[PDB]
Amino acid sequence: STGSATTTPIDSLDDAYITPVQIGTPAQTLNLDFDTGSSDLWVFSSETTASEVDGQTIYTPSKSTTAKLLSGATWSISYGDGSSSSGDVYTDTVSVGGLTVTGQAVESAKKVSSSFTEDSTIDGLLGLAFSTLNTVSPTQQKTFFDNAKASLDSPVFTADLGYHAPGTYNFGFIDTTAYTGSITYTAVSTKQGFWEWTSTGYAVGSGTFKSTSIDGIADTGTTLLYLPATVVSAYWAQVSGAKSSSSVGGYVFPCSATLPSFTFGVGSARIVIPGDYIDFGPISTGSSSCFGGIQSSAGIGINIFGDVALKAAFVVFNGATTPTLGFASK
Ligand SMILES: O=C(NCC(F)(F)F)c1ccon1
């Protein structure tokens with residue numbers, strides 16, 4: 001089997017992407033944030049504290065003839081950005097782009113943190129990291145991909161995120177019309193439960209390529225590109241007036257600037273992030289200080305190839321017995 005679904009930016013900055021997902025019988029369609037950096041499929045629901053729901057579409061398990069309470073199961077997750085959610089668990093039928101999994105753990109939120117409430121466009125998350133990170137207790141549950149894998153034509157999914165435009169998540173096949181040149185594959189460590197890999201280096205603008213190993217995660221659920229302080233300083237040094245602002249929470253730059261591109265290495269191949277992709281706009285409405293899309297990972301403990309990097313590529317998440325990651329230009 002295969003599936004194919006369009007993913008759409010939630011706003012004009014590409015802060016995140018939402019993909020429609022059918023849950024239950026009859027189908028209830030929710031717009032979920034597909035997140036290769038976590039492993040829980042959780043939704044706003046009829047059980048979510050009412051004051052914490054503000055415009056989201058909710059899943060109502062009592063209206064699904066295929067929903068079953070997973071007795072005794074609870075979940076609770078905290079994300080790298082400080083947000084969180086928790087609740088109980090149903091199993092139900094879940095379909096993405098024509099691909100159906102029966103008995104998928106659908107984690108129903110009883111509580112969500114303010115950042116989730118405040119984002120009316122995201123109805124929940126669909127985790128696509130390794131199932132070892134799933135938070136359901138006392139019986140850990142499998143991701144949608146993990147459940148679908150054996151049925152797929154090929155044990156893969158691909159992310160093709162757009163810049164200020166829709167893109168595609170495919171399951172079970174590689175669309176050879178969606179990229180240019182060849183796909184370069186690179187090794188993955190699953191030891192921390194992430195799609196963790198090692199970039200071979202970087203360049204800033206038209207500058208020379210620096211060969212250096214940068215370990216990090218391919219994370220569709222993180223907006224920005226978080227890299228070591230040395231690398232990030234070298235980038236922003238090429239933008240007149242750019243500076244790190246402790247009050248704002250990262251590098252900012254004059255909105256009048258033209259940003260240089262940023263290149264990252266995948267083996268001997270190179271992915272070029274255009275300068276425009278690194279502009280996240282005014283820090284507050286009307287400001288002439290703009291927020292940068294490349295930021296230091298120093299406070300985080302891990303480097304993160306988030307949407308800024310991934311949307312410059314066609315990315316293959318290869319879930320074969322030994323997982324790997326593939327990147328192509330597009
Ligand atoms: O925050 C999470 N993932 C995104 C991160 F890697 F950037 F942190 C998370 C929470 C539970 O499992 N993973």
# chains A, B, ... in the order shown; residues from 1 in each chain; ligands from 1
call {"tool": "select_by_dssp", "arguments": {"residues": "region 127-330 of chain A", "states": "alpha helix (DSSP H)", "output": "MDAnalysis selection string"}}
result
chainID A and resid 144:148 229:236 307:310
call {"tool": "residues_near_ligand", "arguments": {"ligand": "ligand 1", "cutoff": "7 Å", "atoms": "only C-alpha atoms and all ligand atoms", "output": "PyMOL selection string"}}
result
chain A and resi 37-39+77-81+133+219+221-222+304
call {"tool": "closest_residue", "arguments": {"among": "A:275, A:155, A:72, A:26", "to": "residue 138 (chain A)", "atoms": "only C-alpha atoms"}}
result
A:72
call {"tool": "closest_residue", "arguments": {"among": "A:101, A:89, A:94, A:126", "to": "residue 34 (chain A)", "atoms": "only C-alpha atoms"}}
result
A:126
call {"tool": "residues_around", "arguments": {"residues": "residue 192 (chain A)", "least_positions_apart": "6", "cutoff": "10 Å", "atoms": "only C-alpha atoms", "output": "list in words"}}
result
residues 129, 130, 132, 133 and 217 of chain A
